[PDB]
Structure formats: structure tokens, C-alpha cells
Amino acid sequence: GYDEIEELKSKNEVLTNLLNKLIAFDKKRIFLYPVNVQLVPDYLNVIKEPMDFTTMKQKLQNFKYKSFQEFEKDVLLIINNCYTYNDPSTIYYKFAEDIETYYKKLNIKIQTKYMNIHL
């Protein structure tokens, strides 16, 4: 009913603001779109669950995230995919470490602001 879609909408607004901060922090847009298989032909032979921020925006517009944890899973999937494919000497691996640091600095307050919608 109205009250349930209102709740889902206010929760999506909190997840969106967090995704936009992650997209903004990713200035080189390393994680904005799926990794280009024409540039990296062996990528999907190594990464079994590719993830990127644009896919997360689509899940959001479809109201696919029903808990904070489901959102976090996708952020940490992007990060752990980057560690799995790339060597630790590369700019990609360093940028994943940087966004993991940024995310870990934010998530406690955003996660609380999310639970507080249905308080």
C-alpha cells in the first residue's frame, strides 16, 4: 500500500545519495560502467559476477534493494572484483583500496539513516 511504497522510496533516496558519493569519488569512472570486454577479453573468464555503479542505479530504479546489506554486497563486489582481476601494482587495485577506505568512512552513518526511515 501507500505506506509501504513511501517507505521504499525514502530508503532508495538514502541508497542513491550513497551511490552518488561513490560515483563522485570515482573521478576516473573506473567503476561507473561494466568493464569493457573489447578492451579486456579475458575479464569475464576471471570475474563471474561483474558489477558497476550504473548497474546499481538500475537495481535502484527497479526498487531491487530491499535491505542495506543487499546494496553493500554490490559495493564490496565491485571492490573485491577489482582485487581479484588486477595485480596490486596497478592504478586499478589502488583505486579499489581508496574507494574501500571512503566507503568504510561513510557506511555506518548512512546505514543508520537507512534503518531510521522505518523507525
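From 1 onward, residues are counted along the sequence shown.
**Request:** Please rank the C-alpha B-factors of the chain's modelled residues and tell me whether residue 71 sits in the lowest, middle or highest third.
**Result:** Its C-alpha B-factor, which the entry lists for residue 71, ranks in the lowest third among residues of this chain.
**Item:** Chain thirds of CA B-factor: placement of residue 11
**Value:** Its C-alpha B-factor belongs to the middle third of this chain's values.
**Third of the chain's Cα B-factor distribution that residue 59 belongs to, per the entry** = As the PDB entry reports it, the C-alpha B-factor of residue 59 lands in the lowest third of its chain.
**Prompt:** Among the chain's modelled residues, which third holds the C-alpha B-factor of residue 83?
**Reply:** According to the entry, residue 83 has a C-alpha B-factor in the chain's lowest third.
**Asked** Looking at the C-alpha B-factor of residue 91, is it in the lowest, middle or highest third of its chain?
**Response** Middle third by C-alpha B-factor.
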